Structures are given as structure tokens and as C-alpha cells.
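The numbers here are math on the coordinates, done by the rules we state, and not lab data. All Cβ positions, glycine included, derive from the backbone under ideal geometry; neighbour counts span all protein chains shown.
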Protein chains: 6
Amino acid sequence: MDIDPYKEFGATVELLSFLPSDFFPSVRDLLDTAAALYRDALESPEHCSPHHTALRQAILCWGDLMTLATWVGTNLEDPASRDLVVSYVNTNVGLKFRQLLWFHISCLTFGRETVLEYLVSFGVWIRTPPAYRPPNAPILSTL
Amino acid sequence: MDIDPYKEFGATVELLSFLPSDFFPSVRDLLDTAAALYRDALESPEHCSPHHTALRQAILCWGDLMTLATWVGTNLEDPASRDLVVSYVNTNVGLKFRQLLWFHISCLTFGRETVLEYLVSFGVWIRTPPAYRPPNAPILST
Amino acid sequence: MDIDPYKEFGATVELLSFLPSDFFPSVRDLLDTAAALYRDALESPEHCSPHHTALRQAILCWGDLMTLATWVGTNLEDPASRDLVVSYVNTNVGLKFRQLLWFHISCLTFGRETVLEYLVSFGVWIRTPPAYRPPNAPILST
Amino acid sequence: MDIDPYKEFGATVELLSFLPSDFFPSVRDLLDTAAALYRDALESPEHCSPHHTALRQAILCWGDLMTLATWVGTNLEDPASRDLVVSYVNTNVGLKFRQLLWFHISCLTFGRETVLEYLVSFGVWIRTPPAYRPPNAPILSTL
Amino acid sequence: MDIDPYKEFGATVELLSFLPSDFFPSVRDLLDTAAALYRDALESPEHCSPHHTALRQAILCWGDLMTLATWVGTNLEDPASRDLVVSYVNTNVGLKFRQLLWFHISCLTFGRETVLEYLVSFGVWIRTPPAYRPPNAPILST
Amino acid sequence: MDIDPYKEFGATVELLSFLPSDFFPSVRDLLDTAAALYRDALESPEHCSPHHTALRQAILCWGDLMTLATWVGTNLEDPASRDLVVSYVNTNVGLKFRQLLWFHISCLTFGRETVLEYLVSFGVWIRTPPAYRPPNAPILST
């Protein structure tokens, strides 16, 4: 299927793919921010914003995959394949979940337009080769 | 942690526990019905209703677990492990999706006002003993 | 002495005698349906309708007879007596509760106006001989 | 289930539990007062008040348990277990039924606010140790 | 090349894929029903609705393939080839016509507003597993 | 129980736990700041603000826990019990009491809104990679 989750809010998979993997916080850090900043809005039953609506489902999906990881880790009889599967889940699907949760959280915190502007700026920044790129990477804030 | 997927709508997990496991349709069935009725509803410039957003997220998540299954089929040479994992993905993670996708497609077709009443009526129906149980189960329409 | 539980509503004991004993659902079924649809209706700061008050009293009384059953299971070593008492609580005190809880949950879901008519229609249905009896018994909806 | 019957009317199981067991009248006395003061209101089909609505069901439940007690007393073949069961029902569930019926009857007679005030006062009174507690216990009346 | 016959109406090819192949009626049945209800609707001085035009085109096309079949029966002496061609015309080109003619006769009788909803409801019905599937399939009326 | 002491002031136990353990200052320097800055306000009979009452109760509680520890130290002859109890009072609950005192003291000095804003700011700053975050961390100010 040719479906893009971020295409609704102006963002796109091509636009976000420029971000290096090291940029995103760890998934546990994103779920820690989720609680600490929006535990009321997430648990409350109002349709606060489409960002919240997508974020709830994203968090639940990550919960399901975490349960899947524990299931393999505790149940599987082969330590080698056990580690293989847990490491496959924690990294490959990691990237995607850390990216989606980060985008939604950043939108809620900073404004959709602000996040899109920052992402365009970082797309410009990263593609420059090191020898001429500025030393300090772009920083995100609404001012 | 304990976010409830259906709470923000008019149904919940415990409320949706009424409907038996074998009642819900196959994920392939739901996917085909979606590709048939709503192929642009989940591709329009902007989302129209929270149901569309939730349905789209459901398609993404099920696509992720489908690609996981294909990857397992390709990579896990051990036939027993490959069979176990493919059975798990389709029998234990498949039911939850079946439920979510069904709740978000019936809502689009008929609306929450009709789906929530259907979920109450089906509980009433399934609760009666087989002696007095109407042979024809309730079905959605209009 | 001879207080009638349903008299203050639109049904009575003799009126509710129409519905067979095996028609009513299990107390566990009714309890689950309640925990699913009305979990705050029976916990809100103040009661909203007499149906809520009566349903809450019914839950308390059934909880009392459930704890009696568990206590009997724990304390009565004599297996025959333990079996007799557990059978009694669930077969002779269980039917009356099944009836009360059903009448107070269907009223909440659909209202007295629909429950009383359903109880008349079911009498009409059950009264006909099997030759002309419609195969599909009447069921509540909307 | 975490349900409290008296919580609707301001009363609570914690609030009423302070009352000593000897305080409540015998269950037969409560059912004698029921008739003598509210036989018309109980038998009449109007929803006079939520107190009446709860009281009708409470009386019917006690009737059912009385039938249960007679059933065991007359039918059971073992006199020892027969007496055991009848005494278990007449005392343990007694406390609860004598308490509930007493609360509803007192509310009907005296006013919900008056009963709550008296119950708070008796909660203060009973918790005081004997050496400093007043000799005469609080008395209930609307004045 | 890829013109869609139903796109200009409220249904499509993928949408009409829900209804099983054996559900649609025989071409003879549809032809007779047409000769019975609409014999002047497809012969009036001028067309009244696009449904009439499309139905008339369908009759012409099916007449062309009927005459092809009769010509094959007359001319192809080889019994095996004659049997193969007559089977093909009625089993592989016959289903597409059955579909088109049915969609254009039900639309005339009941209108698109009723046919499109019927096609969604039948998908919902057929999708449910046999365990909970209502024994009586949905049918058009009024 | 499930009472969060910060629940009233806006914060939560999880929100303050969103900072690392070692970040909070020790009880000693913290109480020295309290005494240096608001002793006259803490000793005054004026409940000028809820923070004053909460802090007043907190220091008294910590003192009660310190007196118990000292009594254990002087009374118990066993070195093992003495060491374990004096550590347990200091390390296991020291973090919680060090975070409770810090919240109130910072709230008084800079204002509650400043502390709430700083908590989220620093919690977000501690989780971003160093090469993509300002080298110097945030600090309270007015």
C-alpha cells in the first residue's frame, strides 16, 4: 500500500528520512516524555487534536511490540534466536517508532509549522558535506 | 502504559469483549473491504474524522506486522520456529487488529451511533441461553 | 411481608411468570454486561433513576449470597452438604436474582416502555402451540 | 466490587461502622417499625423517595434470607449443622441487615441531614475512651 | 484502455467484487425480467436516464455474443471446439454481463441510492464467518 | 495509598522522577538553603502560601525520621542493624525527601510556574544527544 502516515500534516517519509538515526531519542525516553508532558491529554477522552489521536494509537502499538519482545525473550527456548529476535525488534522497528513518536511529540510541543520549518532547515543542513557544513547543528525551539 | 484504544470513541475494551473471537472477520477481508469503499479516505490531502486517522494508523501497524511475518518466513530457516512465529502473528496479534479494524470500518460505514447500539444488542443476544436464543443474530444495516 | 419487588415499576411477579426459567441469562452474564455498560451508573455521586438504585441493591444482595457460597465452600468439610448448598444457592436463589437483574438491566438499556411491551409480546409468543409458533422468538432492540 | 450502598446519601460504610453492634434494634423490631410507620408508603406503587426504593428491596432481601433460614432449619438432617447455619445467618448477615434497615428507617423518620449529623456526633462520641467520655450517649431526634 | 464501466455510477469493479460469482442471476433470467418490466424504457423516442442507455448497450453487446454462439454452433463441425466455445461464452464472458445487467436493472428498479447501500451491506454480510453469519442474506426491497 | 503529595500543586511524582536521581541536592545543603532563605517565614504564624505549610510539615517529618534513626543507632548494639538502618533512612528515602524539599524550595524562590517549566525543560535536555543539544544545561532564573 502507498500510504504515508506523516503526509497528513505536511511531513513526508522522504522529508523525515534525512534525519540521522542518532538524532532521535531512545524509545523509552519518548514514552517518558509522553507521560510527563501529556499524561492528562492522552488518558482524557477528548479528541484534543489529530496529533493526539495518532499518538494514542502509536503508543499502544509500541506497547504491543514491547509485549511481543518480552514474549520472545522469556518464552523462546533458543538463546541465540531469542537475542536475535529481541535485537531485531528493538532496533529496526525502533527507528520507525522513535521517529513517529518524536514527530508527534515535537508537533504538540512546538507547533506543526515550526516543526516543518525546522525539518526543512535540517534537511538543508545535513545534505551539506562536512568540509563546508557549519559546526553547530540546527536547534528546535519556537521562540 | 494503560492507554485504551477505544476509550476516546463510544466503545471500550471490556465493552468490545462481548463479541466472540470467531465473530470478527479476517484481516484480509477487512483490508479488501477498505480498498473497495475507502481507498481515498485514507489518502485525502487532510484527515476528515478521527475514525479515518485511527483506521490509517491501524493499516500501518498491520503492515508492520505483515512485513515482520514475511521477513520471518524468509530468514528463519528452522521450519518449527518459522511455523510458530507465523501462527502467533496471525492468531494472537491478529485478533486485536481484526477487532480494531472492524470497529473503525463499521463506524465509518454506519457511524458510532449505530455501532455502539449494535455492540449492546449483540451482547444482549449472545447472553441468552440457546433455548430461547433467536436463530438469526443481529446484523448491521443502513 | 408481601412486598412485590416489581410492583413500583410497570411489571409484577405474575406478569414476569410468563418468561420461562431457562430463558433468563446467567448471573455471571448479567454481572459482566453491567461491568461493561454501567460501571459508573452504579457509582456516580447520586442515583439518577430508581432503576439504578434497585440494580445496585440487587448487586449487593447477590454479592452477599456469593460470599455465603464461598464461605460454605471453605468451611463445610462434608462434601455432600457443601455440594447441596452450592447447588441450592445457584439453582433456587439464583433464578430470582437472574430475573431481577435482567429486568433492571433491560429497563436501563431500553426503558420500561420497551421492556413491558416485550414481556407482553413474549407471553403472546410462548402461548401459541408449536405448530404455528414462529421459529424466531421476539428479541429486544434499539 | 467496590460498591457502597450508603454512599449515595452521604453515609458510608466507614462512617456507620463506628456504631457498636448492641446499638441496632433486632431485625424483627426493624420490620415491625417498617409496617407500623410506612406500611402504606411501602405497599403503594409510587416512587416516594430513594429511601423508600432502597428500603423495599432491603425488606424483600431479608424476607428471602428468612426463607433460607427456615429452609435449612426445617429441611436439614443434621441438628448440629442446622443450628450452625441458622445461627450464622441470624447474626453475621444480621448486623448488615439491621444496620441498613435502621439507617433507611431513621432517614425516613428524622431527615437525611439529621441522621448524618447524629452519626458524625456518635462517631466522635464512641472513639473517646471510657475514662473521659460523657456518661450519657448521644440521642437522635429532629427537635 | 482501462475504462471502468461502473465508475460513472456510484459503484466500481473492485466494489462489485464483493458479491460472489454464483450470487448473480442467469443472463436469460435478467433478459426475461427486462422484457417484463422495461420493454418500452429501452425503446422510447429518447433515453430517460443514463441507466437506460447503459442497459440498452448491455443488451446489444449480449446479443452480439449470443449470435456469435449460435454461429459457432452452426459452423464449427468439430464437436470438441463447438463445446469449448459455447462453454467459454456462457462461463467467462457471461459472468461480466450478468454483473453489468444486474447492476443496471436493480438500479432502475430501486435506484443507485439503494443499490450502493445493498452492495456495502452484502459485503458486510459475506465477510462474517459462518459461525455468526445470519442465515438470511440481505435482499433488495421497496 | 495513591495520594501524590505534588498532585495539588500541578506536578506529579512521575514528572519529578523525569529527572535523574543524582541531580537533586542532598538533604543537608537543601535544609541549609531553606533555613538561610525562609526561616522567618517558616516560623511566622502566617500560612502565607500553601508551599509554606507543605515545607513546614516536610521538615518536621524528616526530623522525625532522623530522630528514629538516631535512636536506632544509640540503642541497638548490633553493628549490622545499626549500619543497615542508618543507610536505609539516608539513601532509600533520602532521594524522595530530597526531591520533596527541592520542589517546594525552588517553588518559593523562583515561583511555581518557573519550577514547572524548568522540570520539563531539563528533563527534555537530559535525553537529547549532546551533539544536538546546547552544551550548557538550563538553570533557574527570574
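Which of the residues belonging to the stretch A:45-82 are over 23 Å from A:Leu16 (Cα atoms), among the hydroxyl-bearing types (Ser, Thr, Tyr) and more than 7 Å from chain B (Cβ to nearest Cβ)?
A:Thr67, A:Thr70, A:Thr74
What are the residues in the stretch E:30-69 that are hydrophobic (A, V, I, L, M, F, W, C) and more than 22 Å from E:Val86 (Cα to Cα), if any?
E:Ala34, E:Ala35, E:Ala36, E:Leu37, E:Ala41, E:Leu42, E:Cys48, E:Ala54, E:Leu55
Tell me, which residue of the stretch F:110-142 that is within 7 Å of chain A (Cβ to nearest Cβ) and not in a loop (DSSP other than H, G, I, E, B) is nearest to A:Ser26 (Cα to Cα)?
Result: F:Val124.
Considering only residues of the stretch C:86-101 that are touching a residue at least 24 places away in the same chain (Cβ under 8 Å) and farther than 12 Å from C:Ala69 by Cα, which is farthest from the chain's Cα centre (by Cα)?
C:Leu95
For the stretch B:42-66, what are the residues that are assigned to a loop (DSSP other than H, G, I, E, B) and facing chain A (nearest Cβ under 7 Å)?
Those that are assigned to a loop (DSSP other than H, G, I, E, B) and facing chain A (nearest Cβ under 7 Å): B:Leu42, B:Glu43, B:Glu46, B:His47.
Please indicate, with yes or no, whether at least one residue in the stretch D:53-63 is touching a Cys at 6+ places or on another chain (Cβ under 6 Å) and within 19 Å of C:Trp71 (Cβ to Cβ).
Checking the stretch D:53-63: at least one residue is touching a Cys at 6+ places or on another chain (Cβ under 6 Å) and within 19 Å of C:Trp71 (Cβ to Cβ).
Test of understanding: among F:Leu16, F:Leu116, which residue is touching a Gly at 6+ places or on another chain (Cβ under 7 Å) and within 24 Å of A:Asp40 (Cα to Cα)?
F:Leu116
Can you tell me which residue among D:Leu55, D:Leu95, D:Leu30, D:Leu68 is under 18 Å from the mean Cα position of the chain (by Cα), under 18 Å from C:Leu60 (Cα atoms), hydrophobic (A, V, I, L, M, F, W, C) and surrounded by 16 or more Cβ atoms within 10 Å (Cβ to Cβ)? Steps first, answer last, please.
On the way: D:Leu95 fails: surrounded by 16 or more Cβ atoms within 10 Å (Cβ to Cβ); D:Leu30 fails: under 18 Å from C:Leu60 (Cα atoms); D:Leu68 fails: under 18 Å from the mean Cα position of the chain (by Cα).
Of D:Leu55, D:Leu95, D:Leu30, D:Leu68, the one residue that is under 18 Å from the mean Cα position of the chain (by Cα), under 18 Å from C:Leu60 (Cα atoms), hydrophobic (A, V, I, L, M, F, W, C) and surrounded by 16 or more Cβ atoms within 10 Å (Cβ to Cβ) is D:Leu55.
What do you reckon, is E:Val86 within 16 Å of E:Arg28 (Cα to Cα) and of a type outside the set (D, E, K, R)?
So E:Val86 passes the test.
Confirm whether A:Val85 is at the interface with another protein chain (Cβ under 9 Å from one of its Cβ atoms), crowded, with 20+ Cβ neighbours inside 10 Å and either in contact with a strand residue (DSSP E or B) (Cβ under 9 Å, 6 or more places away or on another chain) or β-branched (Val, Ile, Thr) (or both).
yes
Residue check, B:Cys107 against (1) without any contact (Cβ under 8 Å) to a residue 40 or more places away in the chain; (2) of a type outside the set (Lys, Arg); (3) more than 11 Å from chain A (Cβ to nearest Cβ), all met but one. Which one?
Result: B:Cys107 fails condition (1) only.
Taking D:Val93 and the conditions (1) facing chain C (nearest Cβ under 9 Å); (2) more than 29 Å from C:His51 (Cβ to Cβ); (3) among the β-branched types (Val, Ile, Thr), which numbered condition does it fall short on, given that it satisfies the others?
Here D:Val93 clears every test but (2).
Within the stretch F:1-41, how many residues are closer than 17 Å to F:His51 by Cβ, part of a loop (DSSP other than H, G, I, E, B) and either within 14 Å of chain A (Cβ to nearest Cβ) or without any contact (Cβ under 8 Å) to a residue 40 or more places away in the chain (or both)?
Adding up the residues that qualify gives 6.
Could you check, for the stretch E:81-97, whether at least one of its residues is over 30 Å from B:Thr142 (Cα atoms) and outside any helix (DSSP H, G or I)?
yes
For every residue, the table says whether it meets (1) surrounded by 13 or more Cβ atoms within 10 Å (Cβ to Cβ); (2) within 15 Å of the chain's Cα centre (by Cα).
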site	(1), (2)
A:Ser17	no, yes
A:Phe23	yes, yes
A:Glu46	no, no
A:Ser49	yes, no
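Confirm whether B:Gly73 is more than 8 Å from chain A (Cβ to nearest Cβ) and either in contact (Cβ under 8 Å) with a residue 60 or more places away in the chain or within 14 Å of A:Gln57 (Cβ to Cβ) (or both).
No: the conditions fail for B:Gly73.
Looking only at residues in the stretch B:76-89 that are facing another protein chain (nearest Cβ under 9 Å) and of a type outside the set (A, V, I, L, M, F, W, C), which one is surrounded by the fewest Cβ atoms within 10 Å (Cβ to Cβ)?
B:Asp78
Could you say whether any residue in the stretch E:13-22 is within 13 Å of the chain's Cα centre (by Cα), of a type in the set (D, E, K, R) and farther than 17 Å from E:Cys107 by Cβ?
In the first step, residues of the stretch E:13-22 are kept if they are within 13 Å of the chain's Cα centre (by Cα); the result is E:13, E:16-17, E:19-22.
With the extra rule that they be of a type in the set (D, E, K, R), the set shrinks to E:22.
Then keep just the ones that are farther than 17 Å from E:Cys107 by Cβ; that gives E:22.
Within the stretch E:13-22, one or more residues are within 13 Å of the chain's Cα centre (by Cα), of a type in the set (D, E, K, R) and farther than 17 Å from E:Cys107 by Cβ.
Taking only the stretch E:14-32 into account, find how many residues are under 21 Å from E:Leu65 (Cα atoms) and hydrophobic (A, V, I, L, M, F, W, C).
4
Here is a list: A:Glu14, A:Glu8. Which entry is of a type in the set (D, E, K, R) and either in contact (Cβ under 8 Å) with a residue 12 or more places away in the chain or not in a helix (DSSP H, G or I) (or both)?
Criteria check complete, one pass: A:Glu8.
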